[PDB]
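Basis for what follows: all heavy atoms, side chains included, without hydrogens, waters or symmetry-related copies. Labels below follow one simple rule: chain letters A, B, ... track the order of the sequence lines, proteins then strands, and each chain is numbered from 1.
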Amino acid sequence: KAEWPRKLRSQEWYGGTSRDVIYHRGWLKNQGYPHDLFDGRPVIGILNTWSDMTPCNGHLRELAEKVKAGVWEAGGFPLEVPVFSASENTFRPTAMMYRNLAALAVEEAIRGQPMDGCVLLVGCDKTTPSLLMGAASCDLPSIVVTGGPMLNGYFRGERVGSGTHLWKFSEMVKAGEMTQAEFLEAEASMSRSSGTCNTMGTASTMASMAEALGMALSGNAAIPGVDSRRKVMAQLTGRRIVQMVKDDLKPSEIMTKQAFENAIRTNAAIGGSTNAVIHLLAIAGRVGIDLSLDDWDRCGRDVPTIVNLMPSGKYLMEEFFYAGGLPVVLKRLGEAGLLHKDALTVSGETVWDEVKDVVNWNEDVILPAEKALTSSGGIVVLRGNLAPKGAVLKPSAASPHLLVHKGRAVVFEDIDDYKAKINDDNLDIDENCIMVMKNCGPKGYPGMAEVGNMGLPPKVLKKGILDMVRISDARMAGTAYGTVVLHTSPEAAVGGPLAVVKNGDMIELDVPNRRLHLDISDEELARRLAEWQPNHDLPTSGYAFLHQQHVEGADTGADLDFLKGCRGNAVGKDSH
Amino acid sequence: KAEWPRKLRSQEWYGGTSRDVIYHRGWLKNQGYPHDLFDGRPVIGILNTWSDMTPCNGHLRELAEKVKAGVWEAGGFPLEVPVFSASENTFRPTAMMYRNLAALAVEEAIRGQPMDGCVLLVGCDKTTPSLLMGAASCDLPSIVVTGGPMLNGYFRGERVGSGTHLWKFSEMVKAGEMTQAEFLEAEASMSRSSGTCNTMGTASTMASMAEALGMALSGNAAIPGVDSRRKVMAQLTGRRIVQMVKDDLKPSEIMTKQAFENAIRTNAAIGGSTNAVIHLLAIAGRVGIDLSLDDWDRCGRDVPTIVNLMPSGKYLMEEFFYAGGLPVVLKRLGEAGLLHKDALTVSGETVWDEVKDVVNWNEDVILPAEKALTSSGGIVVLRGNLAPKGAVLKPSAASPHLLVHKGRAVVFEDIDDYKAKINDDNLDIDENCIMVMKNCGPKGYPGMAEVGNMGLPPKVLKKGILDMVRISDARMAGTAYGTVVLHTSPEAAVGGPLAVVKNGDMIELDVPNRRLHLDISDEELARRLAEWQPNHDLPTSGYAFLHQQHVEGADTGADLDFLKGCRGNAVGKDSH
Amino acid sequence: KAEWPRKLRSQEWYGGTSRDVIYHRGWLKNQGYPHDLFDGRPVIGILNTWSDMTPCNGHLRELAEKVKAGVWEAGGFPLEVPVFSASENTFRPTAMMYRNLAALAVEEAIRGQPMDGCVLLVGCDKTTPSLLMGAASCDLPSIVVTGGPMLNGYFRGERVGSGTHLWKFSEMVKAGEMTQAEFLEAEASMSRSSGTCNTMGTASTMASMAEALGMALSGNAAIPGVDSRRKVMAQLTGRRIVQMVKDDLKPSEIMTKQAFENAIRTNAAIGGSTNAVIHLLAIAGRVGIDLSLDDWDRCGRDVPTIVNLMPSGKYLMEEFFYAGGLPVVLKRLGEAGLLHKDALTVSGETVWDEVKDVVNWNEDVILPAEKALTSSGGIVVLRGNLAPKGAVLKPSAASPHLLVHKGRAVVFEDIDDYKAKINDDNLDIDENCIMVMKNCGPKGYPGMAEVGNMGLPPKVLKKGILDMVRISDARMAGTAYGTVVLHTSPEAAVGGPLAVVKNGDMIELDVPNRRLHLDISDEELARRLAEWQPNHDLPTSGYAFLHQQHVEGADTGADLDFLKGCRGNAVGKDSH
Ligand code: FES
Ligand code: FES
Ligand code: FES
Ligand SMILES: [Mg+2]
Ligand SMILES: [Mg+2]
Ligand SMILES: [Mg+2]
């Protein structure tokens with residue numbers, strides 16, 4: 001470890017008696033700080049994604065105060081810094097488009113200001129990855145505090161998740177099976193405490209990825225946003241980041257290729273969102289680890305999903321927490337040759353040393369190896385002429401008889417074409433057809449929306465059929481079922497083969513052999529591709545234009561090309 | 001109703017251009033208020049019992065902000081006013097001693113300052129009664145906001161209440177049946193969100209009493225302190241109190257003898273704390289309603305306890321809430337000739353009009369009339385030479401074979417004598433003995449502590465016996481079982497017959513006939529009483545002295561004598 | 001000093017593993033505190049008089065957060081506790097009546113809860129004395145944080161104080177010499193930042209008394225409530241109180257008879273409010289120091305008033321601060337044999353060691369000894385048959401030719417009689433008359449209002465006469481001029497000789513000889529006194545009744561009799 005005492009980067013702002021420093025120090029003193037706070041003790045930036053418009057993060061200012069208390073206790077100097085908050089439930093066209101913008105803004109807010117370490121206060125879907133991406137591109141000691149999930153929803157005395165019962169309550173408000181005064185009580189019971197989606201959606205998955213990567217204190221992922229112990233862990237986190245600054249325990253020493261592999265296997269074990277694939281690839285591209293879609297494939301194999309939570313299962317995050325949460329799961333991976341046991345965490349201990357003594361307190365929700373939901377619930381990476389740079393599928397959430405399936409393509413040229421055609425009873429489609437949607441990726445939608453879980457055509461569900469093969473260049477909510485191929489790359493909008501799929505074309509899906517094949521000749525594919533031109537709207541100005549010019553494919557994390565890698569934390573030139 | 005517009009009492013401070021008013025108005029303007037806020041619109045005092053030392057009320061400042069928003073929306077002028085917070089879990093000798101002091105301080109803070117209406121932000125045990133007592137002695141329009149109970153505690157995957165498992169975890173930390181690192185996780189799971197005790201203890205009972213008296217919006221009692229809908233109800237409350245000021249909807253028009261009777265029957269139906277007896281008698285003595293121990297007896301009869309919650313039952317407040325909470329219970333009392341249906345509430349509607357359409361969503365926790373826990377779970381008032389001014393007992397929590405019981409007295413001269421003798425194996429006591437404790441009432445303890453649920457002597461539980469008859473002048477937690485006689489009045493310390501009970505004396509308890517008899521001659525009782533002198537310590541100064549001089553007996557609510565009644569809201573003389 | 005480590009009184013609540021302690025500790029943990037905060041480190045109660053209805057204290061919650069940060073830094077456990085806030089600008093009949101009630105409530109909030117030390121967050125007039133009174137009756141280590149004065153008011157480009165220009169702007173709104181839109185800008189400029197009255201009124205005087213008694217860090221009195229350095233001093237105060245708990249630096253070791261004498265001389269040097277006499281006598285009666293009106297007389301002599309501030313002078317608190325504030329003044333008293341130099345302060349250093357090196361930066365506001373306003377600007381204590389227990393007068397604010405004056409009495413039987421008669425042109429009064437007002441003391445007004453600075457009769461000011469001798473049993477604002485005799489004791493309402501003064505009686509005022517004489521025979525005084533009966537209204541219930549029964553005279557500080565003295569900090573009996 002590094003020498004303590006030493007001159008930290010904040011002392012470039014706050015150390016000495018040159019005119020430069022009495023400007024910086026004397027200005028900050030107008031908020032009323034004792035002079036010894038500028039003596040070179042660690043200055044801790046608390047990066048807070050709280051916003052009134054990101055209700056998933058509604059309690060994060062209370063957590064900031066707990067962090068602050070911990071920094072004070074440990075003799076640091078805490079400064080809260082709000083950062084761009086990309087909420088999935090408010091941002092249009094899709095929060096995924098603004099993740100890279102939050103990451104840019106976080107990076108520059110870190111490097112450009114006198115902070116020595118970082119607490120990443122996160123919660124809603126895209127906050128966790130964008131803060132880790134921006135923090136990783138600076139490589140100052142950083143630690144994640146997770147907001148935590150909402151409590152269980154109870155409407156009429158039954159367990160309702162968040163986003164699950166969106167179908168029944170909209171179907172019933174129009175089909176007259178409930179009042180409007182009945183419907184307002186129903187909505188008020190789905191999201192009834194501060195916090196994130198309480199299924200194994202993107203928020204729960206990314207909190208789990210943060211803890212499994214070792215970037216948060218052990219136990220961080222599953223505490224309800226509203227439990228006392230979430231405040232406790234916030235204050236302990238504030239104590240810890242001061243020591244981490246002294247020791248210079250940097251993210252590049254935590255997010256090693258072995259830690260990413262631990263996260264991949266944890267994603268399998270928890271049945272986590274397919275969004276974690278895109279985000280971990282993006283975070284690794286900031287740290288500078290070589291991580292690929294193929295790493296997701298090889299490390300995901302033969303890891304049973306063990307947590308019995310919707311969508312894949314029965315319970316919600318509350319129960320996952322009361323059973324011991326993510327540590328119990330990490331133990332089991334360690335008891336099976338799947339965990340890299342000696343991976344360093346932010347506590348200074350190894351992941352195995354943190355988890356090895358925890359007890360599973362409800363085997364109904366953290367299942368024994370025998371009663372697991374799937375024996376290989378990792379994500380699979382399909383390749384072929386239709387996805388030359390790769391596509392992903394969650395086999396746990398699929399239908400056995402459709403894992404190997406060939407069928408004829410019904411094509412939707414974009415999201416509007418899909419909504420026009422799907423419910424139309426004139427559409428030529430049966431259950432062996434393969435639904436194919438284009439122009440839904442990063443550049444195409446724009447922003448790669450969660451439209452990949454296309455709803456089946458009404459004339460197909462009338463037969464009592466619940467699943468069909470669907471392919472697109474889009475994403476999918478962590479909450480989903482069905483045999484869905486996602487993140488098809490290159491996306492249609494950049495001229496990938498998926499752009500030139502026509503109705504009637506034969507498509508073969510072969511998951512056991514990781515194959516996804518468009519059954520046309522190489523000549524016909526070549527001539528269809530040479531004829532291609534970008535049919536979607538091209539922005540001419542604004543951030544939309546920037547994203548259109550610079551976003552990459554979901555196969556490498558869908559980052560902006562000029563933002564890949566780590567640019568360090570060197571202090572910039574002085575402003576006077 | 002009253003005339004609106006009109007000159008409200010705040011305009012004595014803030015209306016006109018006399019020097020008196022530009023002092024008052026001009027000073028308050030240093031916090032930055034537009035001038036039209038002083039135009040005579042309702043000035044709403046938000047009386048907040050939040051404190052860092054009353055963790056039951058930990059989230060009340062967040063609720064104050066929701067109330068404030070509602071007052072703003074409705075065109076009032078909101079001003080937060082902290083008031084004395086008597087927390088049962090911090091205050092020694094007992095929070096009951098400071099309830100009257102909080103009520104005094106609340107009363108004077110209302111009458112002495114320019115507020116036209118009151119929001120009573122309450123939660124922990126004694127806050128609800130002391131704020132209602134002080135507000136009732138002013139009779140300005142007032143409305144109660146309840147903090148709400150803590151979530152269910154889960155330690156190892158089983159439901160633990162608050163205060164229930166205090167026995168097992170202390171027994172096991174010393175008997176070595178769990179680590180110290182195991183014990184710290186256990187404690188951190190008993191009280192794991194902001195709020196009050198989540199059984200049918202004094203806090204849940206007094207929240208229910210407030211709603212049943214109609215002094216809070218319907219649905220107020222059972223929302224977890226931490227549920228979104230508790231904030232919603234806070235904001236609606238802030239809107240409503242502005243209209244109530246305009247209409248002059250005063251507490252004296254809500255807390256009618258019929259409303260108190262509705263509360264008494266609700267206490268029976270919910271199996272509520274015996275503390276509600278003392279508090280409702282105290283609140284009624286401020287409003288000026290004639291309510292007596294006998295009213296508790298007659299109105300409590302033949303009301304089954306229907307809510308299946310500890311101590312009397314199986315579940316906790318969370319489940320009571322998800323089933324529909326107190327409105328469901330008030331409906332059932334209305335569907336049975338037990339409710340005064342036309343009693344006015346603070347909403348402007350009648351109690352029956354508020355509840356009549358609500359649905360019971362879990363009959364396991366709000367039981368049908370057939371499966372009720374007791375068919376007459378009201379409280380009973382015992383009288384006799386031993387309690388000439390009355391004593392109370394909760395028959396639901398008693399043992400059938402001990403409802404009628406005569407036995408010989410084992411006397412404990414005070415609380416110290418009890419702890420010295422109870423575990424001593426030399427003590428002459430069997431299970432037919434009647435345990436009798438003195439000097440535990442208002443003047444005696446001092447403050448009437450919750451020591452009435454005396455623990456049995458170890459040599460008696462060795463036989464597998466769980467209950468004995470106990471008598472004292474003390475109180476009991478809302479959480480309790482056993483055949484216990486409470487609030488024996490006059491207390492021992494003021495020379496009531498309980499003072500002169502000696503070991504070996506025959507005592508008869510006869511609940512069906514409301515009898516509690518000390519079997520000695522009237523001559524022997526007279527000569528024992530003439531010999532009496534006050535053996536406990538007499539304070540010479542401080543608040544303890546004031547309480548010693550002026551507190552009355554638990555039979556009339558244990559208020560201070562010079563604080564009984566309503567002194568109105570007349571503006572006092574001007575300070576210059 | 002005392003042993004550190006040791007078991008502090010909070011460990012009676014939070015130390016061990018008995019059931020008693022897991023109740024207390026486990027409950028407080030619902031706000032989310034790490035377990036080691038209960039390890040016996042100092043628990044610091046931050047007693048906060050903030051209220052939306054005490055605008056003088058409007059920024060005190062921000063200061064509480066600065067204190068909290070300091071307690072955290074020093075390894076204590078900070079808990080904010082709101083206390084009763086007696087604001088002079090809102091409370092009717094007068095905040096003086098509620099000072100003893102705030103002191104009672106503060107005392108019991110300290111002794112009854114698990115705090116080891118106290119930060120007294122104060123500001124508006126009566127907050128400082130009531131918190132010191134309550135804290136002194138417990139004698140736990142305590143330290144004062146002062147809110148600070150408002151900035152200078154500027155209306156039209158001239159310096160206006162707070163309360164000074166109340167005459168001109170009310171005279172002009174009715175005499176048409178300004179618009180109503182002009183008048184609203186004028187009021188908005190008198191009180192234009194958060195803080196207390198910015199003259200040498202009661203708030204500035206009591207802040208100065210706290211610093212001179214050594215109960216606040218040096219420099220505490222004069223920082224504008226709104227200056228950055230007031231937040232700095234709050235945080236330093238939070239650091240310091242943790243050490244003070246460890247060292248057991250108690251108020252009884254700071255408020256020695258020598259410290260009170262230092263305050264008396266400081267009051268003279270600053271030309272402080274006559275209210276400080278009543279409050280210091282009250283505080284000393286809690287500590288148990290023998291301090292008397294005579295101590296005020298002897299120690300006040302020959303101390304020139306040096307601070308050039310209204311009412312006695314030209315500038316306001318802002319300028320007093322920029323010149324060095326109270327330390328500069330304490331130095332000068334030390335450079336003149338007037339200071340007890342070795343008096344201990346809360347910093348651990350002596351008062352002289354704190355101040356001895358400070359520099360006077362504006363001798364226009366802290367005057368040299370030559371240019372002083374008065375050479376003996378202490379307060380004088382008059383005695384005689386008319387004030388047998390004493391009366392006070394500020395000679396600086398008097399008229400030289402009226403210091404020795406005999407005249408005939410014009411009597412006002414109470415405050416209502418005065419307002420009825422004073423402006424009536426039929427009243428038999430010239431400038432040699434001595435105006436005498438009764439029934440304005442503690443029991444009489446009730447509450448001893450600031451009505452002693454009676455306005456002269458219009459027919460007297462028409463001659464260009466600005467001063468007349470006035471006598472009453474009332475108080476006076478810190479802001480005042482004129483030859484006024486105050487705090488006449490015993491007050492009229494308790495049968496003091498002032499009760500039986502009749503029109504035409506000769507009264508002699510002789511300040512140089514400390515004499516105030518009612519020129520009637522001892523026989524006529526005796527028979528007038530035997531005929532006396534209490535003509536004012538007697539309260540029958542409520543706090544008014546309590547005050548009527550128990551308040552004493554202004555000659556001993558006007559405390560409640562049963563609240564005099566120190567009752568210690570012994571932990572009370574356990575509540576279960
Ligand atoms: S919307 Fe924020 S967690 Fe799903
Ligand atoms: S201690 Fe506050 S609710 Fe029981
Ligand atoms: S009114 Fe609060 S300082 Fe004068
Ligand atoms: Mg999402
Ligand atoms: Mg209780
Ligand atoms: Mg004053």
Side-chain angles (χ1 to χ4, degrees), chain A residues 47 83-84 86 94-112 118 120 122 125-140 142 144 206 209-210 213 215 250-261 263-264 274-296 381 388-392 441-448 473 475 487-491 493-496 543-570 572:
Chain A
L47 306 205
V83 293
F84 194 98
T94 180
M96 179 67 199
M97 166 158 322
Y98 302 97
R99 178 205 68 181
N100 298 341
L101 172 62
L104 193 171
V106 164
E107 176 180 355
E108 295 300 328
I110 292 179
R111 181 159 46 245
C118 297
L120 303 192
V122 295
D125 287 18
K126 301 280 179 314
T127 56
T128 300
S130 60
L131 265 66
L132 284 167
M133 288 170 62
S137 289
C138 292
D139 210 29
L140 293 175
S142 305
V144 167
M206 286 311 298
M209 292 308 96
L213 285 164
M215 288 297 291
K250 306 194 292 309
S252 54
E253 312 172 40
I254 309 279
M255 296 190 278
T256 66
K257 177 69 164 294
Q258 309 203 332
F260 281 105
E261 296 187 8
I264 292 180
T274 58
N275 288 316
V277 182
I278 288 175
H279 293 324
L280 282 208
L281 293 178
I283 297 167
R286 299 307 188 85
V287 178
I289 292 312
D290 176 16
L291 190 78
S292 68
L293 268 177
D294 186 48
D295 290 299
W296 271 97
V381 178
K389 283 181 172 180
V392 314
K443 292 196 186 187
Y445 192 84
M448 207 185 341
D473 45 9
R475 277 182 312 111
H487 317 169
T488 294
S489 321
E491 66 177 309
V494 302
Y543 178 67
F545 165 85
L546 181 69
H547 177 90
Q548 177 69 24
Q549 289 290 296
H550 289 291
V551 73
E552 302 184 334
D555 59 302
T556 61
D559 196 6
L560 297 168
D561 58 3
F562 70 94
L563 290 193
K564 301 203 306 290
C566 165
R567 284 159 280 286
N569 52 83

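- Under the rule for a side-chain hydrogen bond (donor to acceptor under 3.5 Å, both in side chains), the partners of A/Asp561 that lie at least two apart in sequence or sit in another chain are A/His550.
- By the salt bridge (charged side-chain N to carboxylate O under 4.0 Å, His left out) test, A/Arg99 pairs with no residue at all, sequence neighbours left out.
- Summarising the geometry, atom OG1 belonging to A/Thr556 is positioned 8.5 Å from atom CG belonging to A/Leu293; distances are rounded to the nearest 0.5 Å.
- For A/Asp555, there are no salt bridge (charged side-chain N to carboxylate O under 4.0 Å, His left out) partners two or more places apart in sequence or in a different chain.
- In this structure the side chain of A/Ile254 never reaches within 4.5 angstrom of the side chain of A/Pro251, judged on heavy atoms.
- Between atom SG of residue A/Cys118 and atom CD1 of residue A/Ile110 there is a gap of 3.5 Å, rounded to the nearest 0.5 Å.
- Among all heavy-atom pairs drawn from A/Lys126 and A/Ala95, the shortest one is CG-CB, 3.9 Å.
- Of the possible polar contacts, none joining the A/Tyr445 side chain to the A/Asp473 backbone as a donor-acceptor pair under 3.5 Å is found.
- Under the 3.5 Å distance criterion, the side-chain polar atoms of A/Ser137 are matched with a main-chain donor or acceptor of A/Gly565.
- Under the side chain to side chain contact (heavy atoms under 4.5 Å, CB included) criterion, A/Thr256 pairs with A/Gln258, A/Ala259, sequence neighbours left out.
- Once rounded to the nearest 0.5 Å, the distance linking CG of A/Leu281 with CH2 of A/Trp296 reads 7.5 Å.
- In terms of the side chain to side chain contact (heavy atoms under 4.5 Å, CB included) criterion, residue partners of A/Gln549 (sequence neighbours excluded) are, by chain and number, A/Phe545.
- Checked by atom type and distance alone, the side chain of A/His547 never pairs as donor or acceptor with a backbone atom of A/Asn100 at under 3.5 Å.
- Residues forming a salt bridge (charged side-chain N to carboxylate O under 4.0 Å, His left out) with A/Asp139 (at least two apart in sequence, or on another chain): none.
- In plain terms, the two heavy atoms of A/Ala493 and A/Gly444 that are nearest each other are CB-CA, 3.6 Å.
- The side-chain heavy atoms of A/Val106 and A/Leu47, taken from C-beta on, include a pair separated by under 4.5 Å.
- Residues satisfying the side chain to side chain contact (heavy atoms under 4.5 Å, CB included) criterion with A/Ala284, sequence neighbours excluded, are A/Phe260, A/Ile289, A/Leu291.
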- Run the numbers on A/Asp295 and A/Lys257 for side chain to side chain contact (heavy atoms under 4.5 Å, CB included), then give the verdict. CA-CA 10 Å; A/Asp295 290 299; A/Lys257 177 69 164 294; 3.5 Å; yes

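- For A/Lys389, the salt bridge (charged side-chain N to carboxylate O under 4.0 Å, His left out) criterion is met by no residue, not counting sequence neighbours.
- Heavy-atom minimum distance, A/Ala135 versus A/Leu120: CB-CD1, 3.8 Å.
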- side chain to side chain contact (heavy atoms under 4.5 Å, CB included) between A/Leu132 and A/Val144: does it pass, once the steps are laid out? CA-CA 8 Å; A/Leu132 284 167; A/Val144 167; 3.7 Å; yes

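- Looking at every heavy atom in both residues, A/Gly568 comes nearest to A/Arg111 through O-NH1, 2.7 Å.
- Ion pair A/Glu491/A/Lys443 not flagged as a salt bridge, since none of the NZ, NE, NH1 or NH2 atoms sits closer than 4.0 Å to an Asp/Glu carboxylate oxygen.
- Side-chain atoms of A/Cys566 and A/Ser252, non-hydrogen and from C-beta on, never get closer than 4.5 Å to each other.
- Contact of the A/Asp559 side chain with the A/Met133 side chain is registered, since non-hydrogen atoms from C-beta on lie closer than 4.5 Å.
- A search for side-chain hydrogen bond (donor to acceptor under 3.5 Å, both in side chains) contacts involving A/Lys564 returns A/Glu552, not counting sequence neighbours.
- When the side chain to side chain contact (heavy atoms under 4.5 Å, CB included) test is applied to A/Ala136, the partners found at least two apart in sequence or on another chain are A/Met255, A/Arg286, A/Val287.
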- Should A/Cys138 and A/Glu107 be marked as a side chain to side chain contact (heavy atoms under 4.5 Å, CB included) after you check the CA-CA gap, both sets of side-chain angles, and the distance that decides it? CA-CA 7 Å; A/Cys138 292; A/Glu107 176 180 355; 3.9 Å; yes

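- For the atom pair A/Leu280 CG and A/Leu213 CG, the distance stands at 5.5 Å (nearest 0.5 Å).
- Expressed to the nearest 0.5 Å, how far CG of A/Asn275 lies from OG1 of A/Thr128 amounts to 12.0 Å.
- Using a 4.5 Å heavy-atom cutoff, the side chains of A/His487 and A/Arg475 are in contact.
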- Would you check, one step at a time, whether the test side chain to side chain contact (heavy atoms under 4.5 Å, CB included) holds for A/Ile278 with A/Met96? CA-CA 10 Å; A/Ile278 288 175; A/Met96 179 67 199; 3.8 Å; yes

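- Residues A/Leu563 and A/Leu104 have side chains in contact (heavy-atom distance under 4.5 Å, counting atoms from C-beta outward).
- Minimum interatomic distance between A/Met215 and A/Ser142 (heavy atoms only, all atoms of both residues): CE-O, 3.5 Å.
- Shortest non-hydrogen contact noted between A/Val551 and A/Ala558 is CG2-O, 3.4 Å.
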